[PDB]
Amino acid sequence: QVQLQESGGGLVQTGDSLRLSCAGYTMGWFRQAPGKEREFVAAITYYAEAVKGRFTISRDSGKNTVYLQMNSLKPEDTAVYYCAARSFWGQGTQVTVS
Amino acid sequence: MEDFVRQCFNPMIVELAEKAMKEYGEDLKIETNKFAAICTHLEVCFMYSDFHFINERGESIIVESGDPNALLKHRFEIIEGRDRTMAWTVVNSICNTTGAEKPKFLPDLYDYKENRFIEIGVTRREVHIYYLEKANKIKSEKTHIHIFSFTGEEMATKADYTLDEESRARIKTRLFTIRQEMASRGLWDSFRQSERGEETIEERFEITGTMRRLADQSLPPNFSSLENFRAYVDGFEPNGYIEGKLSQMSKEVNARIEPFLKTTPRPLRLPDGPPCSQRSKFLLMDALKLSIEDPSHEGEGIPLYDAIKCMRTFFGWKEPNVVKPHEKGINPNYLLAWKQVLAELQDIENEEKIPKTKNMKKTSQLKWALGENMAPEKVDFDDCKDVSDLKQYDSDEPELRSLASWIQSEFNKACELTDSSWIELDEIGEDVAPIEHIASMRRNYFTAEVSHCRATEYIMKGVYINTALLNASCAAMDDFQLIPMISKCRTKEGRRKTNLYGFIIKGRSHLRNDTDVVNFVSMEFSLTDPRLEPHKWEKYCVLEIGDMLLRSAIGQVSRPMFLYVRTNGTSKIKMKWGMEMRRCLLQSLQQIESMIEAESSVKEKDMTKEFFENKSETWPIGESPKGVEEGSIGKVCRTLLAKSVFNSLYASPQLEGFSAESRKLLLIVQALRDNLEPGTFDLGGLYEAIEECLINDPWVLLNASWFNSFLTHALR
Amino acid sequence: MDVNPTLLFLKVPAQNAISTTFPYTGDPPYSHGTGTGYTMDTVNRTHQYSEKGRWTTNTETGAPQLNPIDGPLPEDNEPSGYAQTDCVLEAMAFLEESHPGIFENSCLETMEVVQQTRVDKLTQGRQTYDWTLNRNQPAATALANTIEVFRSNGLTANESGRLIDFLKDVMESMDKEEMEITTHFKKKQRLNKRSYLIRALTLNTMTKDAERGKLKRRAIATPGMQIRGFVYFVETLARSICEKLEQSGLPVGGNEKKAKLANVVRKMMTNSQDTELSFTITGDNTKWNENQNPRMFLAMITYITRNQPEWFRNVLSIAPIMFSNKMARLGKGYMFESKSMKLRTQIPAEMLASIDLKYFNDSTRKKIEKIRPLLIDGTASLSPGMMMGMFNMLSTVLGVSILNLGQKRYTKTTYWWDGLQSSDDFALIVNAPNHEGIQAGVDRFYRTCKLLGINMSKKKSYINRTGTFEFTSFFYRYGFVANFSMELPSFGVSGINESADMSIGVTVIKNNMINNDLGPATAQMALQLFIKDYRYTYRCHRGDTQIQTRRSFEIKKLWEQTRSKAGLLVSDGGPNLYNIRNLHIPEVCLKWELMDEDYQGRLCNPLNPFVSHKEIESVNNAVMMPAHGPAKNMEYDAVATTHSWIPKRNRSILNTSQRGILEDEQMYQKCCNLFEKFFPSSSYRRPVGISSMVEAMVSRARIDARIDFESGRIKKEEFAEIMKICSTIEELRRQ
Amino acid sequence: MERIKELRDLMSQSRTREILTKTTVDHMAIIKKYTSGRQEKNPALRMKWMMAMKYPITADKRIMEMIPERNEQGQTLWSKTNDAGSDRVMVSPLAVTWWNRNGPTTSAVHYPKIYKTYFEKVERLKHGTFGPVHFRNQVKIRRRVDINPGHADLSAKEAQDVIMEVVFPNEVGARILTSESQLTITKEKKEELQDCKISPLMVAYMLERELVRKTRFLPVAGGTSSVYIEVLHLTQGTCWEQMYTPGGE
RNA sequence: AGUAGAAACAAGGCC
RNA sequence: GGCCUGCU
């Protein structure tokens, strides 16, 4: 019943900024690096230790969208960023920081 | 509204619903709410059936995703989503395998636990009315029915709900998703009531475009359009128009009846020209027989050995020499061919076992005699256009030839008795009914009458020769083959006997069309000197091959013994029809039996025995210089048999045309003789139609002469 | 003394011995080469019988057409095609008045049939002229090729499976700028509007063989597939109409024809009092088909279909509209020979338009010179009249209208006439108080016939007193007399197969005994001769003989192996138990109780590799073209034995550029066999629907695996294997 | 198992896959009759011409694995060269006779039950009693009479549904037969032919022949009964009448 | 040459 | 010389 599509990923500079958005309940943003399983990023608010202060999660319940505003990006943020609803998971949007 | 089915539902369901849309032939642009409603019905059918599996137990195993295994059985198996033909296929198959009752309408699902059908329908209206509605639509149904409705309520008879309740929560969540999504869309101005059961269509077959213009050019001369002509026809009523044109039409258009009197019919004119020649494929009146007196039956035996044994029975062979040339060929080739045949016959006699069929060498002699490598080579027109001699095939009326007296004598002696029985009939089921006994006695009488007849001998000769020729042509297409003319008879004493008239050499017979010609060369012994009726042997080459001594009171004759050699040809159709010459017996004896039955219908008793023994009654069957001569019924049998045999031997288009156009005049003459005031519209036309069939065929000319004689004797 | 069979007629009346005048024991005449000469002669003759008409040039086909309708009235007794529209409309109106409700009813049933008819009905036909290849091919093949071309061009309404939709697509094809066809030598060729119009309006001409009763050969025609549906509907209407007319005799058999002839003669003569004289005319119509203008058939049908739905009128009118513009292919061509250079050549007929005339004789030269103006794209326009009895039933309707127009209510005179009409032949009984009355009646009948484009052959017709006449080789002399010479050619081996030939021969003997008054002894002789010919044809001799053949060894060992040798079939070298009492019993059942169980089981074994059954229509139906008649089919009683094999096919396709047709045949047959194994009722009832093959086959595989597990051999392992194999073929069809 | 397997094998090759995909069910008949073989104009001529060849008949491929390629003396029985437009192979007529002397044997006890019409004819004739032949003119008048003596009072279409439900119970479709006569006929011919393995098509054809009424116009004199018309050739003639009473009466 | 009769056969095509 | 077809 809940389909999800992520937007706003891509190639970015180190120290640059990126606004992920997921069009579709509580919502989460999770990430997967090429050599690992799922990592918690944010939920809606709470953020993981590796991304706190840099990244902000927000939602518009009238647009049915959850946003992840990433700033001051690091090469270690390079991952597929997946949106999730709470059992329902997006396909993920590639973010590559360099 | 269609944007909703663009957006939400998966492809699979939308094209399933589109094919269901095409099923009953209505268009989607006029009313789409039906599409959405039935696609939601189909969706609930899937979502209710899938995700539900069973194992060897009952108690369905429910898995969110079917794992790789043999355990992929589906709890509910879908009915709809298929064509009507297949839906009823599944219905009937389930009924015949489950032993359940066949519903009259379409169900939606089948289940094992309860071994029965489910007809799922989710309607806009509340359940507690739609349920019993569809229930009274379905007669005396044991298939359990279960329906939802948008408010979220469920119901069913027996208070029965056949599977998990979380699935039903799924169903109603799906349901209210639909509902409060149209809420964003806004369709209930018609969603509750959008279909009322409309079924109507008008068939449209419109003439337009080019095909209309063609219709405008297929009218009477003074009409401009199909519309105007149809309007005129609809407005047309009979007002005496045939009478006006009949009065205005010229009076020279008439069908005046010319009276037909005794002095009206004139004798048919026969063509004039060189005498008529012989056309038969074998000698009929001038045949000679070399015999062995063996006990073998017709088909029993081997041809070559029998022929050699028969020929060794004759002594007095002389070196062959020309007596009467072909007048158009190379007679030395015929002489050399005869000597070659003799030499190769001896060659077979020497070796171990006589071969069943022999092939001959392809020498220049038989290459010429059989017409080999004479067909012009086929080429293309673009390469042969400047050749002055290049023209059509010769296509003109055949050469004209006048009748000769030899065909009359040949027919005369074709109806004469013989000293042998030339028919050995097959077996039939033993007669059980008295009518069968009467039939058998009649048949025995006719066989006794016709077996000793030259017509039967000709029938057997033709049948055997054509059968052998066809079989050899079909088997040995390439190589020249030797076939001795063999016919087996039975003497008065009862001893069986074989007879060898001569030999046939078949040539290349690559026959594709029914008209393609296979050429052969025929050699036949005889004693009739060809120096007395040369015009009858225009196409024959006749040699002198020996002397024969037949016991006669005048010392012993020591007659000459000649060989008639000629090049002839046939075709697949001719061979097939000549191998069915035995139906001449039928034709003739059917005619005689019709005579007997017609006469016996007068006197209430079978009249066969007295007809065949007393011989009191006689029919006109020929004319002598003294007058018309009548013969017994047996002579009529033989005469009709000979007529049929000659029809089968000298068959040609001339014969058919003359037969038809002379049967017409015969019927007219019969009407005259019956005092029925016959009349004709154009008798000269009929006469010209008859006279154009008489060109060169001896048989048709003889028939025309017979017709003239019949007219002369009739009309008195 | 000189023997003369004809003198036999001096004692036996002509009709009581008419069988002697039928030389049907020899080979019938056959044509040998091209039929182009006959086609050209027929075209010229049809055009010159209507010379006084008016000429026009069609704006679509660009061909010259001659319209004689409403032309000058004839002033001579020569054949004339100048039919008058008003006269024929009045004749049809009188026909309706004498038979109220005929047209409306017949149109109602025809409308039902047309709107419920299917496309497959067109496959039930003999050779048809396929325009995709410009040659005659079996009806099914031509229909399939045309459907394929239409679907490739974008005309897919025929997918509805309705013949009316197929005709809609056919007409829509007429308005297309450019169609595409396929040719093998594959090459895609483009046909413009006019070329396709002429290819759809053309006819293929051939020479008729095995035609007994005339010295000269004739030409016959075969139409295409675009026009056969309209012809089918028109002939359905005409048959429904004629079935309501007792004066017609075309849609019935022979015995019904005789019964109606007897009834009409008795009615005419019996009602006639002593004062009225009666005369029978045994009339034949000269150039029947060449003088019947399709425009007049259009007029007749549009009068018949008055006050009917316009679509019905249009669909029934399309056919005569196309016949009025019909074209005829000249034929195979002409073959030339050069003896000086010793060669031969074959020029196609399409070159007759431009080829010089130095190669042709005077007659052919003049024929070509006269027909050239009508040559358009290798085919000649034949608007003036029908070619060969395509509208038999409508012609019979016109003749019946003429016959009924003299019911004494329209004659307005003492004389009157009636009779029976079957296209190209008629018997006319005319009564009148005096010979002058009879003469006037016959004269007026002839004149009225000439006003409808129908001519009476004065050379092949004669009039006598009633009680003696002829009709279609049936000779009536105070009662019909049997002939038995017309059925003589049917007394041999038919040529289907062993069991079929045996059953057909015995059944033919039986029927000719019932109908054609064949005698008992004659029937026994026929049985004996047929058995002899059958054994000599199939190399199946009695077995106890020493006749060495290619099949005499196995037969002899079977003979020596069998204990009760009386049960062996004649096909296997056994005795013949047939007789007059057993002519209605199949051979297998007559010898069933005498066969040994081993031989009986070996013979009638379903697993035999010889028996092959295709459809319900071709189970025990044999098509025997009767002598002096159209092709006919017969039901023959036979038991499916090992002798029911089907013979070898032609096999000459392998040397032609059309060699890929055999591969397509094999693939289609493989798919059809697979479908039949999936759908057992495919043969008995032809399946219907709009889905595709693989959908039905895969879905039925699903269900049948399911249920045959729910009871049967299948197992879970196999059922799941089938389910996932179905999924595999599904994803394969995806890609 | 097998059936879907040759289905998959067919779909493997592109041409047959296209034929299966684009061809609709309705066109089934057309493509099934799609053939280059013309219908013979003169069957007798060619049957008399073909039988003189070696390998003149045709048989299924399976013959190559039931009958040896040659007999005792070496006369060939079958060839491996296939027919023109079929997978069947051309074989000699001896392969027929061979099959009747050493071919596989079965139990033909049920053929009498299938071919009911012909065996009923045989039984009727076997117990018939003939009588004296009376010679007198017969006034043959032409009448419409029923030839089939076992017709169950059903038309072609009327009995076609019965035949399908008896043989093809699953392809019946909408129709469920209402008339109880049809019910009893279905029951009887279902329990009687429950395992007969002759062929579905021939069984259906013979059921159609037996149950469907058929009528033809014939010249008759007396009789007029169905049983008396099948022997019309034996009881009535041009000038003779043969009294007969079939075994049924 | 021969068959046959309003046009054909008296082998065809492919290498 | 070798091979193919015999209503296409």
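Provided above is the structure to which this section pertains.
**Q** Whenever I open this one, the sheet that holds strand β15 (residues 379-381) of chain C confuses me. Can you help?
**A** In any sheet, the strands associate via hydrogen bonds between backbone groups, in a parallel or an antiparallel arrangement. Residue and element names in this part refer to chain C. Taken together, the 5 strands give an open sheet; going across it, the order is β9-β8-β11-β15-β14, and neighbouring strands pair in mixed fashion. Edge positions in the sheet fall to β9 (219-222) and β14 (375-376), since each of these pairs with one other strand and no more. Looking at chain direction, strand β8 (residues 202-207) and strand β11 (residues 327-329) are connected through 2 bridges and run parallel. Residue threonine 202 lies in a different strand from β11, and its bridge partner there is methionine 327. Contacts from helix α1 (residues 36-48) reach β8, β9, β11 and β15 within the one sheet, and its direction differs from that of β15 by about 15 degrees.

**Q** I keep staring at the interface of chain B and chain C and nothing clicks. Help me out?
**A** Accessible area lost on assembly of the parts is the figure often given for the size of an interface. With 175 residues of chain B in contact, the opposing surface of chain C contributes 182 residues. Together chain B and chain C conceal approximately 16800 Å² of surface at their shared face, both sides included; 61% is due to carbon and sulfur atoms. Counting across the chain B and chain C interface gives 17 salt bridges. Seen at the junction of chain B and chain C, the total is 80 residue pairs in polar contact. In terms of residue count, the dominant contributor to the side of chain B that touches chain C is helix α21 (residues 653-673) of chain B (16 residues). Class assignment of the residues belonging to the side of chain B that touches chain C gives a composition of 72 nonpolar, 46 polar and 57 charged.

**Q** It is not clear to me how a positive patch on the surface should be interpreted in this structure. Could you clarify?
**A** Taken together, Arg126(C), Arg135(C), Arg38(D) and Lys41(D) make up a surface patch of like positive charges. Inspection of the secondary structure puts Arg38(D) in the loop between α3 (28-33) and α4 (43-50). On the basis of relative accessibility, which here comes to 63%, the residue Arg38(D) falls in the exposed class.

**Q** Quick question: what am I supposed to make of the environment of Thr545(C) here?
**A** Tracing the sequence through the fold places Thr545(C) in the loop between α15 (520-538) and α16 (552-561). Taking the C-alpha atoms as reference points, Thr545(C) and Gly573(C), separated by 28 residues in sequence, lie 9.7 Å from one another.

**Q** Explanation requested: the sheet that holds strand β5 (residues 154-156) of chain B in the structure shown.
**A** Residues and elements named next belong to chain B. Ordered in space as β1-β2-β3-β4-β5, the 5 strands form an open sheet in which the pairing is mixed. For this open sheet the edge positions go to β1 (76-78) and β5, each flanked by a neighbour on one side alone. Here the strands of the sheet are splayed against their neighbours by 25 degrees on average, with no regard to which way each runs. Sheet topology note: the β1/strand β2 (residues 109-111) ladder contains 3 bridges and is antiparallel. Bridge pairing links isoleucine 78 to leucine 109 in β2. Sitting on the sheet, helix α3 (residues 33-49) is in contact with β1, β2 and β3 (116-120), with an inclination near 150 degrees to β1.

**Q** Help me understand the interface of chain B and chain D, please; the structure alone is not making it clear to me.
**A** Taken together, the 31 residues of chain B in the interface contact 26 residues of chain D. Overall, the association of chain B and chain D removes approximately 2400 Å² of surface from exposure, summing both partners, and the carbon and sulfur fraction of that is 65%. Linking chain B to chain D there are 2 salt bridges. One salt bridge in this structure joins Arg46(D) and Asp514(B), with 3.6 Å as the shortest N-O distance. At the surface where chain B touches chain D, the tally comes to 6 residue pairs in polar contact. Within the residue set of the side of chain B that touches chain D, elements represented by two or more residues are α4 (84-98), α15 (434-451), α16 (454-475), α17 (572-578) and α18 (583-600) of chain B. Residue classes in the side of chain B that touches chain D are distributed as 12 nonpolar, 9 polar and 10 charged.

The rules behind each value
- Residues numbered from 1 in each chain as written, not as in the entry; some residues may be left out.
- Chains lettered and ligands numbered in written order.
- Heavy atoms only, no water.
- Pairing = 2+ DSSP bridges.
- Helix = DSSP H or I, 4+ residues; strand = E, 2+ residues; numbered from the N terminus.
- Contact = heavy atoms within 4.5 Å.
- Axes fitted to C-alpha atoms, helices over the stretch in contact; angles between N-to-C directions.
- Buried area = accessible area lost by both parts, 1.4 Å probe.
- Salt bridge = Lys/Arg side-chain N within 4 Å of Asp/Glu carboxyl O.
- Polar contact = N/O pair within 3.5 Å; in protein donor to acceptor, adjacent residues only side chain to side chain.
- Nonpolar A, V, L, I, M, F, W, Y, C, P; charged D, E, K, R; others polar.
- Patch = residues over 30% accessible without salt bridge, like charges linked within 9 Å, V, L, I, M, F, W, Y side chains within 5 Å.
- Areas by Shrake-Rupley, 256 points an atom, 1.4 Å probe, with all protein chains shown as cover.
- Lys, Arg positive; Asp, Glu negative; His and termini not counted.
- Charge placed at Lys NZ, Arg CZ, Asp CG, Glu CD.
- Buried < 20%, exposed > 50% of the residue type's maximum accessible area, 1.4 Å probe, protein only.

By themselves these figures say nothing about function.
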